[PDB]
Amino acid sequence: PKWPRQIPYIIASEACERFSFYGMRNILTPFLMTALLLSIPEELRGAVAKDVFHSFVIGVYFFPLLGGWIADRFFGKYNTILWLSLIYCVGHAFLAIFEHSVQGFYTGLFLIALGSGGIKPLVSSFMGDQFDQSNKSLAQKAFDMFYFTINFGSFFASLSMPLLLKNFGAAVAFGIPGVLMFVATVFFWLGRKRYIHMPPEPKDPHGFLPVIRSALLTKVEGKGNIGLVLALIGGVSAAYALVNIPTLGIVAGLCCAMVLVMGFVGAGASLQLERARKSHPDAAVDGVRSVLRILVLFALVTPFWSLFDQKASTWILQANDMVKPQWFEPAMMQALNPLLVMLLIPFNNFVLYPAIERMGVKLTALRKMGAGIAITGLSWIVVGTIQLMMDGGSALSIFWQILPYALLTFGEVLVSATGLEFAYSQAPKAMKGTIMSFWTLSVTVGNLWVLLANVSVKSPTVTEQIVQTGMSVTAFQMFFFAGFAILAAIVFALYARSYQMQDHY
């Protein structure tokens, strides 16, 4: 077997793109606090910074749906990646050019979310269909390299970019990733004559959505349709969220609508799924049933993303008020996660998991996902006490946030490295694209909670609850989020026992 000569041009493109993304995302929260949002009072500024960051993340893990659609329906993967990558480049440029204008900076974030998210499903799979049956032995080695560039990039970008921002300002700190991103596209363009382009996939008339549409619109004799009522309810509810945009916010409102719609339509279709058998194959309707069960699984995982994504926003804010060295910047703590990932992932699989299995435990992939959410919630118990403990008294940053990072990352390996691969085995191969699409929306919805948390916290009724606790609002939210994960981890274990009673033995 020989290495396809196109692979180096994709690994190289990925390397630069992953460096440029983590490069500007990891100094995004510091930049908002020190520079762009200075017109906001300090106490107020922390809440506005989180909104900007997490509204950005939301778009990053929402726009894969647009990207995958454009590639499959019209222009193909190569051409879609190329033009989304150029837009991605422009977005990075906007961040430098409109350094001092808020409207212009938000616009650049949008283009980055559009470019980075749009090419996220396309690039990895595009790399995949460059291997034939003879090559396939090497494909696993190629995707291994992908994994390395993610961590390599996220590690060094967390170290170098805070320093670059400190010494040179935003224009240089945001321009260097932009330069890097342009080189990323050049590498991808340099192998255009080499790439293998798979023929456009034929649309499935028995796909996930056509079955859903059948389950709602098909009328059975002498009965009503509860399912379609729920759909209309979600349509009504979404409208109630869309109208309340002035309170919620634009990105928060659009997600609330999206969640309510897909939430109520999904519920309604489940009630009436047997009606779909009239218009669709038995194997195809059964598959949708398999996916709908995975949906509930993913929904309970969303509080994990709420805690894991806040390390680049909330956790940085806390590190600002801790005891750090002269050379050290609070944003450099983010480098701990890729380091811990590359340590725990070989540790667990080789040393720890067989050691827990030696005790006798099964260690089902479903058992690990539930444990990971709890440990992630546990990590925020530690983050919460620290805030309490440092409300009066001073604790150093560099030693102390190593513990929450150790627990957070350990929960990430249990959940994030297990979820999608497990769901693939649970549903028919045809649903692989549908499963992947809801997995990325899982991250989006998780960050929606972060958005809705500090929206509800500004309401009069909630403040008095905070007043009664006699706790700092900052610390109160953390414990809320800690309990948010523990509760979901409980319900997860409750649903997981019913889940394994279903499809097979």
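Numbers follow the displayed sequence, beginning with 1.
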Stretch with the higher entry mean CA B-factor, where the candidates are 371-379 and 220-228
220-228
Residue stretch of maximal mean CA temperature factor, 138-146 vs 313-321
138-146
Can you pull the Cα B-factors for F188, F347, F182, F110 from the entry and say which is highest?
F347
Name the residue from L307, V90, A355, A173 with the greatest C-alpha temperature factor listed in the entry.
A355
Classify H280 as lowest, middle or highest third according to the C-alpha B-factor given in the PDB entry, relative to its own chain.
lowest
Would you mind checking where the Cα B-factor of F126 ranks among the modelled residues of its chain, as the lowest, middle or highest third?
lowest
Considering every modelled residue of the chain and its Cα B-factor in the PDB entry, is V57 in the lowest, middle or highest third?
lowest
How does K203 rank on Cα B-factor within its chain, lowest, middle or highest third?
highest
Split the chain's modelled residues into thirds by Cα B-factor; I27 lands in the lowest
